[PDB]
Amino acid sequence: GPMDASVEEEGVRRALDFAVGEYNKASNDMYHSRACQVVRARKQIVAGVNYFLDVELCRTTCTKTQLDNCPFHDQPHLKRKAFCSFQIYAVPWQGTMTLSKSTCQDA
């Protein structure tokens, strides 16, 4: 089974940035979204590593063209906070990461 993990872990931070990257690539939003909260992180060793991340994503005031200090929206109906569960399969020794699952809905 998956064991607790944290965002202090380098692999977790990498899986997080990958998943949010995929989220932003996939969306029709003109603007970039970022994790305002990492709610839970877990992981499991397989042939590689599976990461399980529960994150809240908030919209920022920056377009996807143009770092990631772009501020979170203060108005709730622009922030549009989403709760997301990502599963990332990493084989770090083969240089691969894939987004196994990504589920998101309004918080």
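One rule holds for the numbers: they count along the sequence shown, beginning at 1.
**Q** Can you tell me how many deposited residues have no coordinates between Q75 and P76? The categories are none, 1 to 3, 4 to 9, and 10 or more.
**A** The entry has no gap there; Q75 and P76 are joined directly.
**Q** For the higher mean C-alpha B factor in the entry, choose 28-36 or 49-57.
**A** The entry gives the higher C-alpha B-factor average to 28-36.
**Q** Can you tell me which stretch has the higher mean Cα B-factor, 90-98 or 16-24?
**A** Mean C-alpha B-factor is greater for 90-98.
**Q** Ranking every modelled residue in this chain by its Cα temperature factor as given in the entry, which third contains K81?
**A** Middle third.
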